[PDB]
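Protein chains in written order, with the authors' numbering: chain B, 19 to 56, 60 to 175, 183 to 404, 437 to 473; chain E, 19 to 406, 437 to 473; chain D, 19 to 176, 182 to 403, 438 to 473; chain C, 19 to 56, 60 to 176, 183 to 403, 438 to 473.
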Amino acid sequence: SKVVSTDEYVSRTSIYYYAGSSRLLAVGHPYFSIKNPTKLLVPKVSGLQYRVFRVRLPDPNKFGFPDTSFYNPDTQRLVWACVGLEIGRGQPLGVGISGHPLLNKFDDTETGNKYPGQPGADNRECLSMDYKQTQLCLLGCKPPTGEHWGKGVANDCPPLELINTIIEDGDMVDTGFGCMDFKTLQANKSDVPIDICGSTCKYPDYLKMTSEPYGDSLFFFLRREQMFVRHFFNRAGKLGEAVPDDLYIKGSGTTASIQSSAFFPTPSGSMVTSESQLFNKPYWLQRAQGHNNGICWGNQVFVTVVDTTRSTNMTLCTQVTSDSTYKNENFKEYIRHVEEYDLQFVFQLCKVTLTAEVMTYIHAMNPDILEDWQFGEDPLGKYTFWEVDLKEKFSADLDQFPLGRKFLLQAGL
Amino acid sequence: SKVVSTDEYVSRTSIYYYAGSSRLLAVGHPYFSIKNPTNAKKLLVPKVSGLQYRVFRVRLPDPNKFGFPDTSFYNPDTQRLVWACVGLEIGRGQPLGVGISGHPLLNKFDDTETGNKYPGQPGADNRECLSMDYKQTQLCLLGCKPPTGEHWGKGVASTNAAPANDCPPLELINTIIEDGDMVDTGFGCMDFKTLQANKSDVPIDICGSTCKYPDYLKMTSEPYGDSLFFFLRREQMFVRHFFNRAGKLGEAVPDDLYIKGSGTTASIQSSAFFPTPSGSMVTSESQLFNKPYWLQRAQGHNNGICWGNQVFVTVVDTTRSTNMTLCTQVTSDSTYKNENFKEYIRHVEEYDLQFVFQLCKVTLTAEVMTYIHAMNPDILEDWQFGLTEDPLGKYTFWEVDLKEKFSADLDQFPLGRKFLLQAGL
Amino acid sequence: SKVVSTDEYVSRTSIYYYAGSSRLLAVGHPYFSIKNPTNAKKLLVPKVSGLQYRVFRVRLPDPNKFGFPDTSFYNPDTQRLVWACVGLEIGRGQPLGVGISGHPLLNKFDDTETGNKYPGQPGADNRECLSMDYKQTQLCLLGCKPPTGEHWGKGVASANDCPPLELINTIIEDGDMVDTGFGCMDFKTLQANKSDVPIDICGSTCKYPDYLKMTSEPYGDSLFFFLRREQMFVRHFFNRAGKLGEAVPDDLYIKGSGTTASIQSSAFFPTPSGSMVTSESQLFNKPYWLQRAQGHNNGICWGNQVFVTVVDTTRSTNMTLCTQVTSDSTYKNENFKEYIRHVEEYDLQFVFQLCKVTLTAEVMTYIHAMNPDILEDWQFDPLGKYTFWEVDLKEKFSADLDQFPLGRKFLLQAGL
Amino acid sequence: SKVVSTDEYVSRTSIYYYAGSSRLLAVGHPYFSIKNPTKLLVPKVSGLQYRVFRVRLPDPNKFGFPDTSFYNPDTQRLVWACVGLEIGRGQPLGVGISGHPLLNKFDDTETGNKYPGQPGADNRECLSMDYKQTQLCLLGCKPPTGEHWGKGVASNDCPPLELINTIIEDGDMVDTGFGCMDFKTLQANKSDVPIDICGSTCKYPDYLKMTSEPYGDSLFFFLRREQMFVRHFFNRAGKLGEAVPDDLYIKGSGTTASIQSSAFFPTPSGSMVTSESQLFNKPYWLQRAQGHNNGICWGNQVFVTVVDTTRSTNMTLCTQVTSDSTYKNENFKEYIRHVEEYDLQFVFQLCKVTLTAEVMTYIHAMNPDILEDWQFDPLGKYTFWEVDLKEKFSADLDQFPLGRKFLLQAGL
């Protein structure tokens, strides 16, 4: 049908509630997960992962309100609207490093590699790098949609297909090598560092999400990406598509067999700073750009976050044997990464008058809304999200919490 | 039980006072303290580093025992007095500059920025002498309660059944930030002494220390808001170099992430990478200090009330971390000989705390006493003198005594003059 | 007594005057002065460096003896006149640029940025020829009192050989070295080997303005106002040769053996770098209008003199000069002599406002407490031991403001 | 005399005119000009040169106006006033490189040069660098005045330095990071700076002298933006003319017996060029000048001085001498060329001057040639880029980009 703003059929009340997730912690390995010598022994926790929080809200129609005289349950139903959001972030600012002990890096081509080139059977090197810096935040009542390139269906070069998937908690953000399925498009498992070489890097499909009719994916969003090229390398292996003859004059002797033009850069996120921080500050959802003005259908909200500005990897070191002199054989080296979150919300209570035209519109939009309201199995159960249960976390005492105090000043309340 | 703003039970007066700490100096060694090879537990050269927290415990005179010229502004039978902080400037001397830390035996193996070709040759001891500049940090915290920090330490492991791996379990620990504690430097906020056994993975000024980061989340969400009247912070860093560690790799790369090598690439190289930080450049424009802050409305419920007649000023300033090179001549000669000179390193810190305080009165009604007792009973204990030791003594602070430093002549001091223009008086 | 603003006992008139120093030039060697080899304790080539303080002592004509066209605007029986500074522009010539300092025999041992592998090779003399660009600094101070600086010197000797450090306040003189990235310390007395910092500071003292002390002095005669802009970052990471005076404690490392048996020097030191000079960050060649000072002296130039203190390293370019001793058809190093010279170009511009002071009994008591020399020169030089760049403006005052650049700007600013 | 603003004796009319030079192109070699084995074959065209345009205006007293009833030629004379200016710049942004195949560079002293030093007879190297970035714009009816350091009069072999003021001519070299000096006379070895300045003089605008001149004819207004940093640290070969004093260092021995050269010098770098930092391709409206001449173009001429290193890209050209199936270096010749594209746009306002006895006395004191040309070429020794606009004035302002902008600015 013709989509209308929620402001036309969802009534706002003066009832507000605060809800906080409290400290959220993830501790794990930044490059790979550790399996049980049989489930996960040590999870993969990286600053380059998507954090997709599925925040569960209490059903307002079954909520224990002190006074339920503000609406008529015979003809009306209740729904929460998000009006304030602050994403707390702990831990200091810092930059981590990823790498590969056997990266397919051949020669440094920044100042030039003189002829002749010597390509043996295995010239992989141990190289590491810092990734492209990314901060982003998405808010909606529907999980976010990402885009990435995978191997499609049919030189033998793989066909490229742009694939849309739901971004799950733990998915890898793009790091400077693009949003692609590195497992299926890079067979040697050695062209990108190990924390993505068997993974898929996804980029938010902002274009698709903003153009969807009802606007359930993006109540609003913020994003800040930056990177530059730090080093200039080339690949080892057969060059799949040779340079055409009309683009160069053939060499002779030392320059007879041409060198590999399969170049690749290493990225660098440059500096992280406090002023460029997107987080630890409130966002007030006054007017969404989509038609859904922050209405949390189904009593759930999705907060999607990427934050590489706190990607420091901690070095842990144990001593196996105590000796009076230093021996490398006496110590084991470990790496660990942590993430500290604290989600804060301010919700506004809303009522929906269920006329025949309103029920028809809602049924077109989403039939499950009317069934859950008991009027006219989780399809998202196949996906992985960070569940945040706030059913027992709602409070009407706004000024007893930081974001609630800010909301009272913002709305002048 | 329901926390309310101090604006509801603390009455403001038109009485203002200035107080200044005058020059505060700390001179010492930036990497370690030097102990006395003799009694008694005293220090020859203290550890003074630009990477340290400065936690000042500012003692204020008890206004209930203060010699006021006219005490007709309140009723001591039913009321009590307390100071409220309304103005603060953190003076900083010495020029801007950046210091450097390092380790003569740092566990640095290979440079992996442009790649390290195979094979790698790891002998018994490949430690090198390397140094670096740290992440730049400016921050300042103000409250009537000492600040709370967070860092990672060694926890306890579940040993049932058998050991999963010898990697130490990590636990997030909250402690009070004491004067002299090390700020995070780019290697995280952790207990390096207990989590890095080889004493050689980070420079020596933190390798036997704990780096702490302020638990801003915990401090702002605590109900009464006595820790943070306000705060300012400015952090920046980038990755300068890319290295890897020597020693046994505790957790090997799984097989599905690479195709095994052969010959030169048979023994995989260490993927225990680590960066060196860099705070980039310090500039005058980004300075947090040497400017006044006016505390008009705090975000917490404590609107600058200095309970217990004390204030905590927490400062980190790495923008003046210059380490001075000192050089003595042992033997006089006409030609240069390396053994005729001794090389020393010293670091200095120059502070000057300035405040403007507002006198306040509290009426001890039945409702006020019930509330204050819930919040903090020690407030009512210090007030009570008849009817009808140090809880923080176990911690180390830079004591700043202002009991004899309060002055009512505001226009006679720099911050007092600024306050008069700001408030229009 | 209790200090009050000059606004309470100094009356302003509508009489304004312009004064300009015209072009001021200093030409010399940036690293050291060249003294006379025979028959003289005078200098052939002065030390002129972009890292020096310029402290101008500006002499103003006594307004009480000034040849005014009509002197009926005040009563000489009960009043006295004094100049107040209301406008200032510090003109700077020469293009923006960065100079370089160094030391042919600097105590640099190894580069410790990517690591120095063991073992270390400490011979008898490993000093190297090294150069660097300094921390960038712009600052400007204005007062009727010479500026006060701070630096670290050798203290009172009072269980090791490390010198005790003492914070010293001195008057900043014209030609003193500003801090360059190694701190404000007496390098001649605190670094005996003369080889830890470049030669243009290794036998000098670097001073930093004691802003805290100057702003806290009661009358506020030192800083009518000030501007400052400093920046630097660490460019390189080195360590020192020589005996390590204070060894690393044993609990901070596990001892090595064989190649790593003899521990390396942890006496690290950085080289600074001022990054870029830009037009946007220039403090100079723009006017400053002194409407209300933060101190109690609101720009009143007691003693008919003003001190202008400037540091500007954004024009520290050192020119390379090359002479040909023998003309030859091919290039030979033995035919040329290499010289280095540095120049500084200033142009001080002022707008002064004439003021009168009514000498009542209460005012005379206050002024006498503040400064007794003020009332005696009125009828109603301990600074000779210091070195300043004397700027004589006694014959440079003009009331025709619109005939000069700063004067035209002032007329537009105040709407006159 | 006593100088007064032109607003006091020059009356403004509501008559405005547009004038544009159209495309201005210069193509040449960025390091040196090429002369014939007999004129000029290839001029020296570099992004480090001053462009000084001498703009000729039509004499308004002899201009063909449609209606001349707005003034009395018996008692008045006409003059143009500049009220709008835009300096059009074509070609993309980019940075060029200068160098010297035989530069007097000895050792790299950035991380240290270990002893002993090996100073042979000729240790010059082939080195190149990017220069200090400079954007500047000057406007007046008098050519600009520059400053540079030259050899003074001798009164101990260091040359005496003297500060010299000259008129900046089109083609003069701006300072590049080595100062504003006469490199031909102050650097005898011809190898201390790159070849495009080593036999030239780098000049810097004498802003102080021009702003302090009484009538203010050189600078109606100006804009400037300079930036640079030190990229590398070197030292010079040759005899050290002035040795380090003995009290500043402890004598060496053995390998460190013979001290190394402390004749250090930096290489500059202009860092990055950006669209945001552009001074050009935007209009400047001359509403009130800081000098007393408020944009009055005495003598029917205007001088526009421009420096722009943000388009200093040098193009590499390569010809093929012999066709062969494999690559051989001797079969190709390598050339270097640089280009500059300008487009000067002006908006002029017609003004009338009533020549009373007081006004004529003032004008004659200021400049006697003004009244003589009014009937009521001293600069032939200098080189300028001549811009003839005598046949380029148009009263149809809304037909041109700058003219449309002016109509919006003044609300006309």
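Just so you know, even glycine gets a beta-carbon here, dropped at the ideal spot from N, CA and C.
Asked, Found
"Determine the closest residue to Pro-122/C out of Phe-261/C, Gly-318/C, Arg-145/C, with distance taken between C-alpha atoms.", "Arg-145/C"
"Is it the case that the Cβ atoms of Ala-264/E and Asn-134/E are separated by a distance below 9 Å?", "no"
"Pick helix, strand or coil for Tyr-34/E, following the three-state DSSP scheme.", "strand"
"Can you grab the Cα-Cα spacing for the pair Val-366/E / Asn-183/D, in whole Å?", "19 Å"
"Quick one: which chain E residues come within Cβ less than 7 Å of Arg-465/B?", "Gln-317"
"Which of the three DSSP states is assigned to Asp-143/E in this structure?", "coil"
"Under 9 Å, Cβ to Cβ, is there at least one residue of chain B near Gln-214/E?", "yes"
"Return the CA-CA distance between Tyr-71/B and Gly-318/D, expressed in angstroms with no decimal places.", "55 Å"
"In angstroms, rounded to a whole number, what distance separates the CA positions of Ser-227/D and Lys-65/D?", "12 Å"
"Would you verify that the beta carbon of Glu-368/E is, or is not, closer than 9 Å to some beta carbon of chain D?", "yes"
"In the DSSP assignment, find the unbroken beta strand (DSSP E) run with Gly-171/E in it and report its ends.", "166-172"
"So which residues on chain C does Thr-381/E lean against when the C-beta distance must stay under 9 Å?", "Those do not exist, as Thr-381/E stays about 59 Å from chain C at its closest Cβ, beyond 9 Å."
"Using 8 Å as the cut-off, can you tell me whether the stretch 192-201 of chain D makes contact with the stretch 323-336 of chain E, which would need three or more C-beta pairs spanning the two stretches below that distance?", "no"
"Taking all protein chains shown into account, do 16 or more other C-beta atoms lie within 10 angstroms of the C-beta of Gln-314/C, making it buried, or fewer, making it exposed?", "exposed"
"Between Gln-287/D and chain E, is the shortest Cβ-Cβ distance under 9 Å, so that the two count as touching?", "yes"
"Among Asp-396/C, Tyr-443/C, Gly-441/C, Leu-382/C, which one has its Cα closest to the Cα of residue 57/C?", "Residue 57/C cannot be placed in this structure, since chain C goes from 56 to 60 without the numbers between."
"Per the contact definition of three or more C-beta pairs closer than 8 Å, is the stretch 49-65 of chain D in contact with the stretch 438-453 of chain D?", "no"
"Check the C-beta distance from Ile-390/C over to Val-100/C and give it rounded, since I have them as a contact under 8 Å.", "Not really, about 11 Å apart at Cβ, beyond 8 Å."
"For the stretch 248-281 of chain D, enumerate the residues whose C-beta is nearer than 7 Å to any C-beta of chain B, in chain order.", "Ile-277, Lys-278, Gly-279, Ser-280"
"Could you pull out every residue in the same chain whose Cβ sits closer than 8 Å to the Cβ of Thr-346/B, ignoring the five residues on either side in sequence?", "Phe-359, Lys-360, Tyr-362"
"Taking C-beta pairs closer than 8 Å, name the residues in chain D that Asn-125/E reaches, listed in chain order.", "Per Cβ cutoff of 8 Å: no residues; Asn-125/E is ~10 Å from chain D at best."
"Using 9 Å as the limit for Cβ to Cβ distance, is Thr-283/C near chain E?", "yes"
"For the alpha helix (DSSP H) that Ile-397/D lies in, which residues bound it at each end?", "395-401"
"Whose Cβ in chain D lies nearer than 8 Å to the Cβ of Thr-228/B?", "Going along chain D, no residue has its Cβ under 8 Å from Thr-228/B, so there is no contact; the nearest lies around 35 Å."
"Distance cutoff 9 Å, beta carbons only. Does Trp-312/D sit that close to anything in chain E?", "no"
"Taking just the CA atoms, how far does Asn-93/D sit from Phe-84/D?", "15 Å"
"Please classify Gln-402/E: is it buried, with 16 or more other beta-carbons within 10 angstroms of its beta-carbon, or exposed?", "exposed"
"Would you list, in chain order, the members of the stretch 328-358 of chain E that have their beta-carbon closer than 7 Å to a beta-carbon of chain C?", "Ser-352, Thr-353, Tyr-354"
"Which residues in the same chain have their Cβ closer than 6 Å to the Cβ of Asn-341/C, if we skip the five residues on either side of it in sequence?", "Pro-48, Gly-117, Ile-363, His-365"
"Do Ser-339/E and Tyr-152/E have their C-beta atoms closer together than 9 Å?", "yes"
"Between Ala-290/C and chain D, is any beta-carbon pair separated by less than 9 Å?", "yes"
"At a CB distance below 9 Å, what residues from the stretch 63-97 of chain B approach chain E? Give them in sequence order.", "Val-63"
"For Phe-205/B, does the three-state DSSP call read helix, strand or coil?", "coil"
"Closer than 8 Å by beta-carbon distance: list the chain E residues that pair up with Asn-134/D, in chain order.", "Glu-146, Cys-147, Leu-148"
"For the candidate residues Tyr-136/D, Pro-241/D, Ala-215/D, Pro-462/D, whose alpha-carbon lies nearest to that of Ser-350/E?", "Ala-215/D"
"How would you list, in chain order, the residues of chain D whose beta-carbon sits under 7 Å from the beta-carbon of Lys-59/E?", "Those within 7 Å of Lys-59/E in chain D number zero; the least Cβ separation is about 16 Å."
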